[PDB]
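Q: Okay, here's the structure, questions in a sec.
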Amino acid sequence: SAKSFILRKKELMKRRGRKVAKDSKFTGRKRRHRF
Amino acid sequence: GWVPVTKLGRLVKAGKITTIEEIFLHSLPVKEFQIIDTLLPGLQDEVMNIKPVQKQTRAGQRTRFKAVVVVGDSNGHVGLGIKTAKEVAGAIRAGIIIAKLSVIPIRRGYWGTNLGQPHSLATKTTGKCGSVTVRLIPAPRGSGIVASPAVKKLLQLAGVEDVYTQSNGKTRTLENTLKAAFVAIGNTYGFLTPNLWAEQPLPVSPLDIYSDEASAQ
Amino acid sequence: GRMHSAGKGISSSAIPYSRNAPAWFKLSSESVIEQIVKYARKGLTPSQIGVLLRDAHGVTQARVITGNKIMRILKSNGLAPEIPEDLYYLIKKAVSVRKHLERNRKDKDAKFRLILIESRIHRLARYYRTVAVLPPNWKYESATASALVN
Amino acid sequence: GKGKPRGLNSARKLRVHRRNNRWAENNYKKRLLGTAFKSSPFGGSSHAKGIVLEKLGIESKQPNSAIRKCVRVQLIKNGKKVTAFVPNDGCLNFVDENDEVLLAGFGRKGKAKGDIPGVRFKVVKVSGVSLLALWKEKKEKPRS
Amino acid sequence: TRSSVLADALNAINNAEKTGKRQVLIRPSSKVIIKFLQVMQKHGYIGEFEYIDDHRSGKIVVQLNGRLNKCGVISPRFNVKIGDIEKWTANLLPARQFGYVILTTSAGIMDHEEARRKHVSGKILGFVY
Amino acid sequence: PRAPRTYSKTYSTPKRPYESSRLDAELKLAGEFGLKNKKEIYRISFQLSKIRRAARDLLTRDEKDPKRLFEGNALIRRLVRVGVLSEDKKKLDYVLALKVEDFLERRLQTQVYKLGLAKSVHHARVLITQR
RNA sequence: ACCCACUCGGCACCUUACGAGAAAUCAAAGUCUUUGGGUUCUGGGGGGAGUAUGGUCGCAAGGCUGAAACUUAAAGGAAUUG
RNA sequence: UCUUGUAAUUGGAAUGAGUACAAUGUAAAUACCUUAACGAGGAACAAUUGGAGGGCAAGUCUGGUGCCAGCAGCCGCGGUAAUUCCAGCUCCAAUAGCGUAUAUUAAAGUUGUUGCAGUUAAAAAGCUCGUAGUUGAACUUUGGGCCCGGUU
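Residue numbers (UniProt numbering), protein chains in the order written: chain B, 241 to 275; chain H, 34 to 250; chain P, 2 to 151; chain C, 2 to 145; chain W, 2 to 130; chain Y, 2 to 132.
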């Protein structure tokens with residue numbers, strides 16, 4: 241539920257008036273692979 | 034195409050007043066925004082916050098937009114503008130209007146000896162708004178402003194050069210810190226020093242002597 | 002406020018701004034002294050001599066007319082008592098309330114007031130033996146206090 | 002006011018009151034009771050070494066799962082048994098039984114990090130070589 | 002009780018200046034209160050003060066004039082070494098120029114600038130600015 | 002048991018490492034002077050902070066103090082002899098007003114470029130390194 | 001006995017913010033980032049836990065003093081809106 | 001008409017990493033300093049370590065694998081509590097260094113002397129007496145005049 245959590249908290253800074261990077265197909269993935 | 038609508042508007046329309054120190058000297062109440070635009074140019078603006086707030090009714094959910102903006106030209110004159118309106122352009126516009134209505138002058142000074150074009154604040158000063166205390170401490174030459182980027186932007190728009198900025202409380206709320214900084218810089222203008230101990234002439238409020246072309250039509 | 006209660010009352014006496022000879026007195030400077038000695042030989046305490054002088058003979062206060070305080074005058078002629086006046090009255094009060102307690106053993110308020118009165122007696126006796134008015138130890142106890150008071 | 006004694010000759014009460022209150026810390030009580038040298042899985046050590054006792058098929062969920070497994074290991078110096086999250090997938094074929102792995106913490110100064118409940122160690126090394134080099138096909142695991 | 006009469010005097014002055022009164026009554030009076038107010042009056046922070054003399058301990062009536070931000074006591078009277086005097090200022094003054102912290106030395110009761118000029122030190126007493 | 006050889010590091014990394022204004026100013030300086038990394042900027046900032054701390058606690062000292070006079074005159078003489086501080090600014094509030102690129106101007110690389118002979122800053126660095 | 005005026009010491013009450021506070025609200029919860037009148041007691045995220053053990057008081061019931069191992073990213077309060 | 005960039009375009013310059021006559025060096029050697037001769041055209045003499053919703057600087061990238069009683073029908077689309085299941089591209093930071101673990105310090109006013117808090121968020125002994133300890137009203141030579149000489 242990482243993608244759902246990031247999308248849910250992703251909308252709050254729009255309500256609170258802060259800039260948010262626009263979403264695409266890189267959100268809920270391991271950006272940097274582990275060891 | 035602004036027309037004079039009040040006594041101060043008729044005062045500034047003929048150009049018989051040339052400084053804002055007369056307004057800030059005898060505690061002149063400011064009524065409109067056009068006086069400071071027609072009297073001082075170069076008032077640069079920068080939006081600080083735009084947020085969607087809500088009001089819940091019986092049937093609908095009316096969403097307002099709240100605009101928080103700052104105003105200051107380049108030197109010692111800071112205004113804060115808070116507004117809730119219906120559209121983003123209207124909220125920004127009315128926030129700039131109330132920002133011009135809330136302009137306060139600032140007395141800067143020297144951290145050390147009295148040489149070379151004052152840079153910093155004269156006194157240790159504080160301000161508070163809702164469990165956020167913003168403190169301002171004079172700093173030496175070349176120290177710069179060490180503060181949060183919102184407070185740093187506000188103080189750079191102020192025209193002050195070196196400020197040490199300690200803060201306390203839950204500082205993550207942007208509005209509380211901004212209002213604390215605003216009341217702090219108002220406090221450091223309002224502070225009384227021995228340099229203000231010389232006997233001023235105490236003028237006779239020249240609105241009395243200029244009332245015969247500043248009255249009603 | 003008070004030392005052993007919750008009160009905060011301020012009722013007292015206000016000595017006037019004068020230290021010399023009220024104009025209506027014009028009587029003497031040693032007749033008042035011999036009245037003090039006569040009253041003390043009758044069997045009175047310094048405060049009672051003071052109240053009798055101020056209510057009967059027009060002596061505003063003996064500190065200004067005689068030049069000395071009443072207990073100093075009684076010390077000069079050898080009329081000083083064994084134990085001082087306020088300690089004597091505290092001891093007499095303690096003896097009376099202790100007799101009332103031993104007659105009525107279930108009175109807890111009288112027990113509490115005994116504890117308060119003995120605490121006051123101990124603090125006063127410590128003050129008196131600090132400046133060496135009492136004998137240097139004097140060891141106040143409950144029973145012999147009866148034989149100490151009368 | 003302000004509760005505390007303030008007189009000039011009153012340093013002793015300040016000292017003793019501060020010592021008792023400092024005994025109501027969390028770090029001070031953990032340090033002066035010697036808690037890590039007697040009770041911690043490590044001996045107050047930064048890393049440790051252990052013998053792989055078991056590996057369990059711990060997935061995040063059921064068959065549509067995330068392959069994030071952990072092994073159960075027994076220490077060399079203490080003898081206590083702990084569990085450790087191995088690195089990224091593909092390293093499970095490297096870690097067999099009885100491999101003499103070297104372990105570190107997980108990142109919360111002595112507490113579990115991540116969505117794995119109750120795992121605070123990671124297998125830094127296996128058989129005395131690495132996991133980063135062994136996963137990147139740079140060095141290979143020595144036999145026995 | 003009145004452990005410090007100077008503290009009560011400074012509190013009375015501070016509250017009366019905050020409220021906006023012209024006169025403030027101070028009771029009881031003392032040598033150190035008179036000297037503290039004399040340092041204030043010499044520096045011009047307060048106006049003119051006059052000592053009502055009843056036989057007990059006196060009262061003081063202070064004519065204020067505004068121009069006083071805060072006066073305060075420091076309790077207990079810490080011993081102040083001379084090389085640490087400036088440190089004290091940095092803890093209780095807005096700037097380094099205006100405002101004075103007041104010391105009692107064996108050369109008298111004086112502000113910190115006079116203590117630095119005379120090369121003396123002593124016990125901290127309070128501050129005014 | 003040989004007597005120890007004292008060493009000391011001559012740079013200090015910034016407390017907040019990811020902020021855009023400082024990063025772009027550092028890249029501005031590195032581009033205009035031709036620097037290998039950020040450690041030169043850190044080194045200049047470190048020694049300038051040392052100079053500024055010395056100037057500050059001399060200016061806190063009372064005037065006509067012999068230590069203040071001696072150390073202040075030595076500091077001003079040294080920073081004029083280096084060539085960073087100008088000839089007409091021999092005061093202490095003026096040495097508090099120094100900046101990083103004022104120090105970075107007086108390098109041999111920048112001075113060999115500005116005196117002709119190099120036609121670039123990177124050509125100046127390459128020309129210096131090659132003896 | 002009552003009425004009017006003043007004063008001392010009480011139990012309280014209505015409004016307000018020069019002030020304070022997260023807010024409800026407070027003549028104290030004020031005189032505090034402009035931080036110091038004097039002095040006792042207490043707290044330091046939540047569970048484990050008022051638990052184990054020791055000491056001590058009590059005829060008993062129980063009282064007083066009182067942990068750690070482990071575990072968790074919450075827990076809590078004040079108001080608005082339905 | 002003077003200033004920058006791009007490129008399967010092109011030209012000559014320069015130097016040390018190294019290979020080393022020699023000489024310095026050294027108790028004797030190794031190395032540093034100096035130097036006869038050789039030593040650069042890119043897969044040469046090729047820099048790595050971390051990371052990219054926000055923290056925090058940097059993606060409205062690409063491909064493959066696995067599931068769906070969801071549409072289509074063998075082309076495929078969409079979803080996938082696959083906490084991305086696996087790789088690549090692009091970008092950012094530091095740079096001969098960079099990452100991780102543990103401890104400690106700062107941010108920390110979460111130890112508070114400076115400098116915390118205790119109605120309701122943790123926390124005022126049920127109440128009073130009371131020993132040590134901590135603290136404790138005001139007052140005792142102030143004022144005036146004389147000279148001389150020190151520092152700006």
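For each residue, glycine too, the CB sits at the ideal point set by N, CA and C.
Which runs of the beta strand (DSSP E) fall wholly inside the segment 42-95 of chain C and span at least 3 residues, in chain order?
A: 49-57, 71-76 and 82-86
Q: Output the residue ranges of the alpha helix (DSSP H) runs that lie fully inside the segment 12-69 of chain P and measure 4 residues or longer, sorted by chain position.
A: 32-43, 47-57 and 63-66
Q: Please classify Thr-204 (chain H): does DSSP put it in a helix, a strand, or coil?
A: It is coil, neither helix nor strand.
Q: Determine the direct distance from the alpha carbon of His-152 (chain H) to that of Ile-34 (chain W), and round the result to whole angstroms.
A: 39 Å
Q: What does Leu-148 (chain H) reach in chain Y if we use C-beta pairs closer than 7 Å?
A: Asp-94
Q: Just by C-beta distance, which residues in the segment 166-190 of chain H are closer than 7 Å to chain Y?
A: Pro-173, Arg-174 and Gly-175
Q: Under a CB-based cut-off of 9 Å, is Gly-257 (chain B) close to chain H?
A: yes
Q: What are the boundary residues of the beta strand (DSSP E) that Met-81 (chain H) is part of?
A: 77-89
Q: Kindly indicate which residue of P:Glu-31, P:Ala-63, P:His-5 and P:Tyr-129 has the alpha-carbon position closest to the one of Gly-51 (chain P).
A: The residue with the shortest Cα to Cα distance from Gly-51 (chain P) is P:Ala-63.
Q: In chain C, what lies closer than 7 Å to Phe-275 (chain B) by C-beta?
A: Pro-88, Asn-89, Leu-132, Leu-133 and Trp-136
Q: Looking only at its own chain, which residues have a Cβ that is under 7 Å from the Cβ of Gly-91 (chain C), when we skip the five neighbours before and after it?
A: Excluding sequence neighbours, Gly-91 (chain C) sits near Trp-136.
Q: First and last residue of the alpha helix (DSSP H) that includes residue 165 (chain Y)?
A: Residue 165 (chain Y) cannot be examined here, being either before or after the span of chain Y that is shown, 2 to 132.
Q: For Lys-157 (chain H), which residues from the same chain have a beta carbon less than 8 Å from its beta carbon, with the 5 sequence-adjacent residues on both sides left out?
A: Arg-168, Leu-169, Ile-170 and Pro-171
Q: Examine the Cβ distances between the segment 86-98 of chain P and the segment 111-118 of chain P and report whether three or more of them are shorter than 8 Å.
A: Result yes; three or more Cβ-Cβ pairs closer than 8 Å.
Q: According to DSSP, is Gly-73 (chain W) part of a helix, a strand, or is it coil?
A: Three-state result, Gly-73 (chain W): strand.
Q: Strictly below 8 Å CB to CB, what residues from chain W border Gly-8 (chain C)?
A: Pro-77
Q: For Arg-23 (chain W), would you say it is in contact with chain H, using Cβ-to-Cβ distances shorter than 9 Å as the test?
A: no
Q: Could you list which residues in chain H have their beta carbon closer than 9 Å to that of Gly-45 (chain W), in chain order?
A: Residues of chain H passing the Cβ test: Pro-227 and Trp-230.
Q: Can you name, in chain order, every residue of its own chain whose Cβ lies under 8 Å from the Cβ of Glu-60 (chain C), other than the five neighbours on each side?
A: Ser-66, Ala-67, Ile-68, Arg-69 and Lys-70
Q: Between the segment 196-204 of chain H and the segment 177-185 of chain H, can you find at least three pairs of beta-carbon atoms closer than 8 Å?
A: yes
Q: Since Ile-75 (chain W) contacts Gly-127 (chain W) with CB under 8 Å, what's their CB separation in whole angstroms?
A: 6 Å
Q: Can you give the beta carbon distance from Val-96 (chain C) to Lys-126 (chain C), rounded, assuming they're within the 8 Å contact cut?
A: Incorrect: roughly 11 Å between the Cβ atoms, too far for contact.
Q: 9 Å is my cut-off, CB to CB: does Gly-192 (chain H) come that close to chain Y?
A: no
Q: Just grab the DSSP bridge partners of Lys-60 (chain W) for me.
A: W:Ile-53
Q: Can you check DSSP and say which residues form a bridge with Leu-154 (chain H)?
A: H:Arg-141
Q: Determine the DSSP secondary structure at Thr-131 (chain P), reduced to helix, strand or coil.
A: helix
Q: With contact counted as at least three CB pairs below 8 Å, one residue from each stretch, are the segment 84-102 of chain Y and the segment 18-25 of chain Y in contact?
A: no
Q: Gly-175 (chain H) to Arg-57 (chain Y), Cα distance in whole Å?
A: 12 Å
Q: Closer than 9 Å, CB to CB, is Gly-109 (chain H) near chain Y or not?
A: So no, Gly-109 (chain H) is outside the interface.
Q: 9 Å is my cut-off, CB to CB: does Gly-114 (chain H) come that close to chain Y?
A: no
Q: Counting only beta-carbon atoms, is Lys-262 (chain B) nearer than 9 Å to chain H?
A: no
Q: Smallest Cα separation from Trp-25 (chain P): which of P:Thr-61, P:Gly-68 and P:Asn-69?
A: It is P:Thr-61 whose Cα lies nearest to the Cα of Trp-25 (chain P).
Q: So what does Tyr-101 (chain W) bridge to, in DSSP terms?
A: W:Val-129
Q: Between which residues of its own chain and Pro-137 (chain P) is the CB-CB distance below 7 Å, once the five residues before and five after are set aside?
A: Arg-130
Q: Roughly how many angstroms separate the alpha carbons of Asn-89 (chain C) and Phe-275 (chain B), rounded to a whole number?
A: 5 Å
Q: With H, G and I counted as helix, E and B as strand and the rest as coil, what does DSSP make of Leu-113 (chain H)?
A: strand
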